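Novice: So that we are looking at the same thing, I have put the structure below in C-alpha coordinates.
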Amino acid sequence: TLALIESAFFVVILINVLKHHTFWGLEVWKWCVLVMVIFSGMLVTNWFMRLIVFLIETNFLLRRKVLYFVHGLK
(Lines give C-alpha, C1' and ligand atoms only; values in the text may rest on other atoms or scores of the structure.)
Protein backbone atom coordinates (compact mmCIF):
# COMPACT_ATOMS: atom_id res chain seq x y z
CA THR A 1 0.00 0.00 0.00
CA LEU A 2 0.96 3.68 0.08
CA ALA A 3 2.13 3.45 3.69
CA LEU A 4 4.25 0.38 2.94
CA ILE A 5 5.95 2.11 0.00
CA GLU A 6 6.73 5.17 2.13
CA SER A 7 8.12 2.98 4.92
CA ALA A 8 10.31 1.08 2.46
CA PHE A 9 11.60 4.33 0.96
CA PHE A 10 12.39 5.72 4.42
CA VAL A 11 14.20 2.51 5.38
CA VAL A 12 16.23 2.60 2.16
CA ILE A 13 17.13 6.26 2.73
CA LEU A 14 18.16 5.56 6.33
CA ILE A 15 31.62 10.56 2.37
CA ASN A 16 33.41 13.79 3.26
CA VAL A 17 33.16 15.09 -0.31
CA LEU A 18 29.42 14.41 -0.45
CA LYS A 19 28.85 16.14 2.90
CA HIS A 20 31.04 19.08 1.85
CA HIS A 21 28.30 20.36 -0.47
CA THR A 22 26.61 23.53 0.79
CA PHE A 23 22.97 24.35 0.01
CA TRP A 24 21.35 27.62 1.10
CA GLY A 25 24.29 28.25 3.42
CA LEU A 26 23.94 24.87 5.13
CA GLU A 27 25.45 21.41 4.92
CA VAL A 28 23.84 19.21 2.27
CA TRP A 29 24.20 16.10 4.43
CA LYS A 30 22.64 17.85 7.44
CA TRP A 31 19.72 19.08 5.33
CA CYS A 32 19.15 15.60 3.90
CA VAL A 33 19.26 14.08 7.39
CA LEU A 34 16.75 16.65 8.66
CA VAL A 35 14.44 16.00 5.70
CA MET A 36 14.62 12.24 6.27
CA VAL A 37 13.90 12.70 9.99
CA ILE A 38 10.89 14.89 9.20
CA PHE A 39 9.59 12.35 6.69
CA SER A 40 10.07 9.37 9.04
CA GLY A 41 8.76 11.12 12.15
CA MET A 42 5.32 9.61 11.54
CA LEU A 43 6.76 6.09 11.29
CA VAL A 44 8.90 6.64 14.39
CA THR A 45 5.87 7.85 16.35
CA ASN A 46 3.82 4.87 15.17
CA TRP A 47 6.57 2.45 16.22
CA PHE A 48 6.90 4.14 19.61
CA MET A 49 3.13 3.98 20.15
CA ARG A 50 3.09 0.29 19.21
CA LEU A 51 5.95 -0.43 21.63
CA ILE A 52 4.20 1.50 24.41
CA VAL A 53 0.95 -0.40 23.78
CA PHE A 54 2.80 -3.72 23.86
CA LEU A 55 4.53 -2.78 27.12
CA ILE A 56 1.24 -1.69 28.69
CA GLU A 57 -0.43 -4.94 27.63
CA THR A 58 2.26 -6.94 29.46
CA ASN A 59 2.08 -4.53 32.41
CA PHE A 60 0.12 -5.29 35.57
CA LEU A 61 -2.34 -2.44 34.97
CA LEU A 62 -5.91 -3.68 34.60
CA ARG A 63 -8.04 -0.51 34.78
CA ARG A 64 -10.54 -0.74 31.92
CA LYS A 65 -11.34 2.98 32.04
CA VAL A 66 -7.65 3.94 32.10
CA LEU A 67 -6.88 1.46 29.32
CA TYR A 68 -9.78 2.74 27.22
CA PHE A 69 -8.68 6.35 27.69
CA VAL A 70 -5.10 5.45 26.77
CA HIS A 71 -6.28 3.64 23.64
CA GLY A 72 -8.44 6.61 22.66
CA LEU A 73 -5.71 9.21 23.25
CA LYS A 74 -2.85 7.15 21.77
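Chains: A, B, ... in order of the C-alpha coordinates. Residues: from 1 per chain. Ligands: from 1, in order shown.
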Enumerate as a list in words all residues of chain A assigned to strand (DSSP E or B) by DSSP on the backbone, naming them with the chain letters and numbers the document uses.

Specialist: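 Answer for chain A restricted to strand (DSSP E or B) is residues 22, 23, 26 and 27 of chain A.
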
Novice: Record the distance separating atom CA of residue A:71 and atom CA of residue A:53, expressed in Å with one decimal.

Specialist: 8.3 Å

Novice: Could you tell me how far atom CA of residue A:47 lies from atom CA of residue A:2, in Å and to one decimal?

Specialist: 17.1 Å

Novice: Report, in Å with one decimal, the straight-line distance from atom CA of residue A:73 to atom CA of residue A:50.

Specialist: 13.2 Å

Novice: Sort by chain and increasing residue number a table of all residues of stretch 20-53 of chain A within 9 Å of stretch 5-9 of chain A, each with its closest pair of atoms and their distance in Å to one decimal, counting only C-alpha atoms, and write it as CSV.

Specialist:
residue,atom,partner,partner_atom,distance
A:39,CA,A:6,CA,9.0
A:40,CA,A:7,CA,7.8
A:43,CA,A:7,CA,7.2

Novice: May I have the residues within 12 Å of residue A:18 as a list in words, using only C-alpha atoms and disregarding those fewer than 6 positions away in the same chain?

Specialist: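 Final neighbour list, sorted by chain and number: residues 27, 28, 29, 30 and 32 of chain A.
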
Novice: I want to know what sits within 12 Å of residue A:52, based on only C-alpha atoms, with residues of the same chain fewer than 5 positions away left out; could you give that as a PyMOL selection string?

Specialist: chain A and resi 45-47+57-59+70-71+74

Novice: With N, CA, C and O atoms kept, could you save the residues just selected as a PDB file, in the first residue's frame?

Specialist:
ATOM      1  N   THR A  45       6.930   7.700  15.356  1.00  0.00           N
ATOM      2  CA  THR A  45       5.870   7.849  16.347  1.00  0.00           C
ATOM      3  C   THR A  45       4.973   6.620  16.380  1.00  0.00           C
ATOM      4  O   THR A  45       4.569   6.166  17.456  1.00  0.00           O
ATOM      5  N   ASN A  46       4.643   6.069  15.209  1.00  0.00           N
ATOM      6  CA  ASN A  46       3.818   4.865  15.172  1.00  0.00           C
ATOM      7  C   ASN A  46       4.522   3.696  15.852  1.00  0.00           C
ATOM      8  O   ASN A  46       3.904   2.947  16.617  1.00  0.00           O
ATOM      9  N   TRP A  47       5.818   3.525  15.582  1.00  0.00           N
ATOM     10  CA  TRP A  47       6.569   2.447  16.219  1.00  0.00           C
ATOM     11  C   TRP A  47       6.630   2.637  17.729  1.00  0.00           C
ATOM     12  O   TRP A  47       6.477   1.676  18.492  1.00  0.00           O
ATOM     13  N   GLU A  57       0.309  -3.686  27.631  1.00  0.00           N
ATOM     14  CA  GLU A  57      -0.431  -4.944  27.631  1.00  0.00           C
ATOM     15  C   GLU A  57       0.211  -5.956  28.570  1.00  0.00           C
ATOM     16  O   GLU A  57      -0.488  -6.655  29.315  1.00  0.00           O
ATOM     17  N   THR A  58       1.540  -6.051  28.550  1.00  0.00           N
ATOM     18  CA  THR A  58       2.256  -6.941  29.455  1.00  0.00           C
ATOM     19  C   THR A  58       2.357  -6.387  30.870  1.00  0.00           C
ATOM     20  O   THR A  58       2.761  -7.123  31.777  1.00  0.00           O
ATOM     21  N   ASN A  59       2.004  -5.121  31.080  1.00  0.00           N
ATOM     22  CA  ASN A  59       2.076  -4.528  32.405  1.00  0.00           C
ATOM     23  C   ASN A  59       0.962  -5.076  33.296  1.00  0.00           C
ATOM     24  O   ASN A  59       0.012  -5.717  32.836  1.00  0.00           O
ATOM     25  N   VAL A  70      -6.407   5.503  27.407  1.00  0.00           N
ATOM     26  CA  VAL A  70      -5.096   5.447  26.770  1.00  0.00           C
ATOM     27  C   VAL A  70      -5.236   5.051  25.307  1.00  0.00           C
ATOM     28  O   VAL A  70      -4.591   5.633  24.426  1.00  0.00           O
ATOM     29  N   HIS A  71      -6.075   4.055  25.022  1.00  0.00           N
ATOM     30  CA  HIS A  71      -6.282   3.644  23.637  1.00  0.00           C
ATOM     31  C   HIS A  71      -6.877   4.778  22.814  1.00  0.00           C
ATOM     32  O   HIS A  71      -6.481   4.996  21.662  1.00  0.00           O
ATOM     33  N   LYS A  74      -4.139   7.556  22.328  1.00  0.00           N
ATOM     34  CA  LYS A  74      -2.853   7.149  21.770  1.00  0.00           C
ATOM     35  C   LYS A  74      -2.534   7.909  20.489  1.00  0.00           C
ATOM     36  O   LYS A  74      -1.384   8.300  20.266  1.00  0.00           O
TER      37      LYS A  74
END
